[PDB]
């Protein structure tokens, strides 16, 4: 291992604004105390979550000083920032090294030539998250762009000749695959090389594919002089005989591509990347095909923040979230609304999740955000290029007037996406139900955020909606890319309409259950919906607003913002999606009954269950909306206390669930 890659998150100091305009007064602030801070860090962990309309949104500086030894001579040095919100500028000994716009993509710069080796060197990052009309997202409405260096920073050292590390901060290696099947698959490996010296250098580029297990499947080696003039691009092609296909969750098989730069027989640099051999196809009105086989697209969504941590997460948090996402039986995630961690993306390769990635072109257009949107779209693609999990790039979400501009912008994003990577689908999302909205049809897939029975019409209205779409647009690939409802666990009641006035501060868990129960059943029976994505896997922060009696919270989670509690619909989905045995009674949290003659619901994916209200078995059980949904229609409750217990069996094994409801007066 010749390349050196080390964590650089340690020993930073931080000074937050706002800063005075007078230089006399500014210099004082600068000279004052800096707080000592660990990366990942952010300044909105509290003020973007605890209240609404009240969070700091401007500049902050980060400072660090660091010895660089003399053995770095003739080496090249790099800083690679995984993520900084939202604009950043790095200075090394006062010299500007790089600047970036976009609080969700990585970036690197060569600092080598600005260091004084054998000395101490001062690194400084100016970070600023105030919204500007030329950078997406343009406002903080749907969600807030937590400020600061909220993903890890790396030090990267290489030789004078290297696999480029500053190609949009990409790995510098791009793998593509063509004509993929059980029988073969042509892999192409394109590598970008750079010779920072002044003379041509004799080198060897050796690209190897390894099996998951570690065997050499193939080798392609090339000797040549590496020009010092410009970065150079080299190709390797491999013909894979009977490749082990990456088959989503059943068989997430991953080959390993290793790319080595060699000089005088020795490795001077190397990059490794994953290779999940597979093919993705969408046939409109039919569905999604993985390597030719129809594949279930049970979609969920996930934001990169945790209660308390803001978006300054570690790997346990991404892992913990992916575990939940797996356990509920999801097969596809829509990581809205912006590029999310690469570590997270790599886990999806490994885990077998088929996933969707997006740029934060959301909520409003200003007319000034194109160059930056194109720019964010490209860093996303180039940095995430090699992940088999990825199937589509998301262009925009809920952007409208000026229509003509919004459609031009979307068109050019689609176009960049296909220049940059013609092998994947693109997608874009509208908030309106109708197809021919002036802003639609600019991508491969048209996506629609629908929330029947919550913002518009009633829960059941989803059916006539979808049926009418496929009747008029049999050929469009359509996805339902957002749906669900809020659920404040403190809010409980069995008196429910088919809609809910989302203006009044009462978000009853049970209305969420009711929405997913019915709605999932429509989706399932309408293949024309190629993929559906419930919103959202967890509750996340929304600093711009207070609703449903808790501030700055979107409570549409299947799980609470702190990750501690799973709502009813969690077990509904897992009951319908997972192969794992679920046996679940609805409404454990609605423990102070309002009525005498109640309904009892139980979820089971392992057979007709038995329920025993207070010692004794009820009956009349019947089916709900799906063969996993069981209902007892007219249950008569005892005063004081009641005790519900449920029991089914499979594989000579026995499953339990008991809740405890309370009743007295009404």
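Residue numbers count along the first chain shown, from 1.
Q: Would you mind comparing 493-501 and 209-217 for me and telling me which has the higher average C-alpha temperature factor in the entry?
A: Per the deposited B-factors, the answer is 493-501.
(Q) Test of understanding: from the entry's C-alpha B-factors, which stretch has the higher mean, 39-47 or 597-605? (A) Going by the record's values, the stretch with the higher mean is 597-605.
Q) Which one of 154, 335, 545, 104 shows the biggest C-alpha B-factor in the PDB entry? A) Out of 154, 335, 545, 104, the record gives the largest C-alpha B-factor to 545.
Q | Among 396, 387, 418, 183 - the residue whose C-alpha B-factor is largest in the record | A | Of 396, 387, 418, 183, 183 has the highest C-alpha B-factor.
**Q.** Ranked against its chain, the third holding the CA B-factor of residue 82
**A.** Bottom third by C-alpha B-factor.
(Q) Test of reading the entry: by CA B factor among the chain's modelled residues, which third contains residue 330? (A) It belongs to the lowest third of the chain when residues are ordered by C-alpha B-factor.
Q: Within this chain's modelled residues, let me know which third the CA B factor of residue 368 belongs to: lowest, middle or highest.
A: For residue 368, whose C-alpha B-factor we compare with every modelled residue in the chain, the answer is the middle third.
Q) Comparing residue 538 with the other modelled residues of its chain, is its CA B-factor in the lowest, middle or highest third? A) According to the entry, residue 538 has a C-alpha B-factor in the chain's highest third.
Q. Where does residue 109 sit by CA temperature factor within its chain: lowest, middle or highest third?
A. Answer is middle: the recorded C-alpha B-factor places it there.
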